[PDB]
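1. Any chance you can model this:
(chains A, B and C, ligands or ions: 10)
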Amino acid sequence: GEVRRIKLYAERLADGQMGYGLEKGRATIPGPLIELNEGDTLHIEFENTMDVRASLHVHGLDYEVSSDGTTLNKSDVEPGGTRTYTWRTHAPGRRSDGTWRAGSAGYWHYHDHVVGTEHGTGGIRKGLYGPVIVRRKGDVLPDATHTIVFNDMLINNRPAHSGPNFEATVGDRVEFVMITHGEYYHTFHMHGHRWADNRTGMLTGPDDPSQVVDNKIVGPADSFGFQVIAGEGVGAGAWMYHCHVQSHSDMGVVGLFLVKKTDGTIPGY
Amino acid sequence: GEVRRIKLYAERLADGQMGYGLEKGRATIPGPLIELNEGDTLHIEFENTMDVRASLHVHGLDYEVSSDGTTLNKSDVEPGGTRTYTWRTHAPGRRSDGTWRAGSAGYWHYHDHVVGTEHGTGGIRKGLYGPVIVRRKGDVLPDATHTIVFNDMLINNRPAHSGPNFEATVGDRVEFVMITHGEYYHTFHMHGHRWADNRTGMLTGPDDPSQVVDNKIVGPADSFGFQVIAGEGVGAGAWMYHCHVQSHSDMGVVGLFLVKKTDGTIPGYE
Amino acid sequence: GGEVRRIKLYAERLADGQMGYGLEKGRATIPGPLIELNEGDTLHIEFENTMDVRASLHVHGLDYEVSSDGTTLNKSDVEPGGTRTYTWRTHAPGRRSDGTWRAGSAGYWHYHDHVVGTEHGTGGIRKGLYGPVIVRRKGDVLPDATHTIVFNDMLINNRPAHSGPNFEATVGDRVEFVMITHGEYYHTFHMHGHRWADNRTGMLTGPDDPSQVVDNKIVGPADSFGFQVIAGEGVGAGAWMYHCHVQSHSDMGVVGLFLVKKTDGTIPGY
Ligand SMILES: [Cu+2]
Ligand SMILES: [Cu+2]
Ligand SMILES: [Cu+2]
Ligand SMILES: [Cu+2]
Ligand SMILES: [Cu+2]
Ligand SMILES: [Cu+2]
Ligand SMILES: [Cu+2]
Ligand SMILES: [Cu+2]
Ligand SMILES: [Cu+2]
Ligand SMILES: [Cu+2]
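-> Numbers count the residues shown, from 1 in each chain, chains lettered A, B, ... in the order given. Ligands and ions are numbered 1, 2, ... in the order given. There you are, the coordinates:
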């Protein structure tokens, strides 16, 4: 694949949060989406603009201990400090012994591993997480990608009973990245939409046995994703997504997948 | 792909519980099993006979906003009032864009969405849940079908140390639907039997790499099913099924898959 | 495969209020010894309960009659100082007379006591009466070494917290992990620098295998999965943290090291 270079900033935010950003003062929670094709290399010029030690750890991708982002492998960043982390990816292939080497492709995530504790409980709690997508050659690309993060009892570190809305048009091919962090198990559910419990979130073809689901138990540091055709077989509407743990939904871990008709209207909303 | 109509009533029961039934005063917990072939449409003539608002939301199957069963999409039911709910299904096909549309086939469930709160915490707690099986052309059909719901710390809203038993004979193709509800994660286990972590609960053949398990972690609104040849390779016996979370089995989330010999006997148990 | 095997196995109290399975009197370990079988194999376990309380042997996944359930229910537990021969059987997958595919015994399985403390072995599990079982399919690739990580309540292999076990391998070694969970709590098992397949073997079969590829897996009491990695594949030598990813679990010390060595013997940054 291609070699690529980006800048990443860890920053303090209002209400004592902590974001990553591609640009200083544009830090988000979750952090910016990172999109890669199998075989790509990413060199990340990472600057800690905070008064506390921070790091960048990644799930699933290839990295050397020198890019672990852990005090253990001395890969964290002093306050004000800079470090360039290297993530590599590979494509699948038979090894020489006959066995199949799984590719790097999947729905993954990066997070701090040193804020609060040597496991980044503080960083994670404050908002130092975001999505990685590693694509395979042939994978179908979406019209948009939306990142939903169950962080303890919040979605994307928002004040509860205010979970984020996502706008789309019927027939649009919408991608969701679903990441979980903190202490608690959850179940992610979506009204009017289904996906496949497999790498991609859609069945490869008729030979794919993967269960089809609208509900998934997820624990801290689990990542999955899936694409749907917005409105497929159900029409336009305010389509609720929510944590299906009853106390979680009642305390307001809910948002709307707002699927507009072609004309721009929405039924009874 | 045939169109169908059935009547469903929400009723308050004895001991302050709530349940769906196919007739008046015949409501069960779980609710009655709904079985569909892909393509089939089901129109549900639903009546809320209770003194509180109630609804019917479904997982997995195709419905419009007007069958969401939510406060949001004004698709819940006043006390005593009626509403006709529509669930469509679809077979798997090729989309124009060359991708594979998945198909509605799978182990699913229906549950109230307004009784307790705007997510029916109260309805679910009181027993407003039931199983839906959507079948695909060629799916092997069972000799019998037994629904097991881990709702909070009970099975099928029974008293504890009292979880249901299911009788069967050696060789029976027995189907289980396993639904989870409320606040707590669980692990469903079964002695003497195992299944595949996939759609049908059966391996398609030797090119099915899916994990063969007898123990599966589940949380609120998770649905799976499977089919076993009763007592396959293990013989007749009282075959325990139990939540494997230790305090959960200890407090009485246990039941018996009672697998009789052909002559109707069973080896001695307690 | 297709061989009859015989072993002896003891239950024993240990130091610090613990109980262990062992191949010999006084050599009990926590976890108990790894039992490795090929599909078709029958294992006869000459079990002796050296302890002062009723203990059993119950196994997940494998084939056993109720006379080897090791339950109160089926009266197959063992009196203090008693001996009982448990029989585990295993079958290869095969086409059934109903045209369906019979799932094989092969996978990542476990054995635990069912009668110490409660009729669900709560006390026996807590105190260390658990061990791993692997059943191999014909032509399964065999590892260079096998390592067992049990998440029992808040600990690993009933060790004192902040001191989880380390495993040593050289870059290029085929390293197998058995990953069992017991007790009351859900966990997520994670490993730095390595990935596996959510499927029977923890390895994709080929390009036809849609299994999700994961470094993080939610597990609950009595969940068992396993996988094999090439040590340092595409990441190189190093101290490769494995940890529960439940933040307070990792904080309270549920961590260990996959110590992957360069070929010369060294570890960068040690
Ligand atoms: Cu880590
Ligand atoms: Cu939640
Ligand atoms: Cu992590
Ligand atoms: Cu629901
Ligand atoms: Cu809902
Ligand atoms: Cu339970
Ligand atoms: Cu009796
Ligand atoms: Cu049991
Ligand atoms: Cu844990
Ligand atoms: Cu067990």
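
2. if you skip the residues just before and after it, what's nearest to residue A:228?
-> Sequence neighbours aside, residue A:193 is the residue nearest to residue A:228 in space, at 4.5 Å (criterion: Cβ to Cβ, 6 or more residues apart in numbering or on different chains). Using the backbone N, CA and C atoms, a C-beta is placed for each residue, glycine as well.

3. Checking the one you found next. Helix, strand or coil?
-> The local conformation at residue A:193, judged by DSSP: H, G, I helix; E, B strand; the rest coil, is coil.

4. ditto for residue A:26
-> Put simply, residue A:26 is coil when judged by three-state DSSP.

5. re the thing from before, what distance do you get for the residue nearest to residue A:228 to residue C:180?
-> Using Cβ to Cβ, to the nearest Å, residue A:193 is found at 35 Å from residue C:180.

6. more neighbours, these two?
-> Higher neighbour count among residue A:193 and residue C:180: residue C:180, with 28 against 21, using other Cβ atoms under 10 Å in any protein chain shown.

7. Surely the more buried one touches residue C:133?
-> No - judged on Cβ atoms under 8 Å, residue C:180 makes no contact with residue C:133 at a distance of 9.6 Å.

8. who touches both of the two?
-> residue C:110 (Cβ atoms under 8 Å, 6 or more residues apart in numbering or on different chains).

9. Settle this for me: residue A:121 is touching residue C:246, isn't it.
-> No - using Cβ under 8 Å, residue A:121 is not in contact with residue C:246; the gap is 10.1 Å.

10. what's near enough to touch the nearest residue to residue A:213 once chain neighbours are set aside?
-> Leaving aside its chain neighbours, residue A:213 sits nearest to residue A:197 (5.5 Å; criterion: Cβ to Cβ, 6+ apart). By Cβ under 8 Å, 6+ apart, residue A:197 lies in contact with A:210, A:211, A:212, A:213, A:216, A:224, C:212.

11. Next up, phi/psi of residue A:197, please.
-> phi -80, psi 70 (degrees, to the nearest 10).

12. re earlier: list the residues that contact the residue nearest to residue A:228.
-> Counting by Cβ under 8 Å, 6+ apart, residue A:193 makes contact with A:214, A:228, A:232, A:234, A:239, A:257.

13. a markdown table for the contacts of residue A:197, including secondary structure?
-> What follows is these, written out as a markdown table (three-state DSSP):
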| residue | secondary structure |
| --- | --- |
| A:210 | coil |
| A:211 | coil |
| A:212 | strand |
| A:213 | strand |
| A:216 | strand |
| A:224 | strand |
| C:212 | coil |
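
14. What about chain A, which residue is the most distant from its middle?
-> Taking Cα atoms, centre = their mean, the residue of chain A most remote from its mean C-alpha position is residue A:97, at 34.2 Å.

15. show me what contacts it?
-> Counted by Cβ under 8 Å, 6+ apart, residue A:97 has contacts residue C:141.

16. 10 Å instead, please
-> By Cβ atoms under 10 Å, 6 or more residues apart in numbering or on different chains, the contact set of residue A:97 is C:141, C:174, C:230.

17. And for residue A:147?
-> Contacts for residue A:147 (Cβ under 10 Å, 6+ apart) come out as A:28-33, A:107, A:109, A:129-131, A:133, A:156, A:164, A:166, A:175-179, A:225.

18. What residue, apart from its backbone neighbours, is nearest the most centrally placed residue in chain A spatially?
-> The centroid of chain A falls nearest to residue A:131 when counting by Cα atoms, centre = their mean (2.9 Å). The shortest distance from residue A:131 to any non-neighbouring residue, by Cβ to Cβ, 6+ apart, is to residue A:177 (4.2 Å).

19. Let me know whether residue A:75 touches residue A:114 as I believe.
-> Yes - between residue A:75 and residue A:114 there is a contact under Cβ atoms under 10 Å: 9.3 Å.

20. Looking from ligand 9, tell me which residue of the stretch 51-200 of chain A is nearest.
-> Nearest residue of the stretch 51-200 of chain A to ligand 9 (Cβ to the ion) works out as residue A:183 at 10.0 Å.
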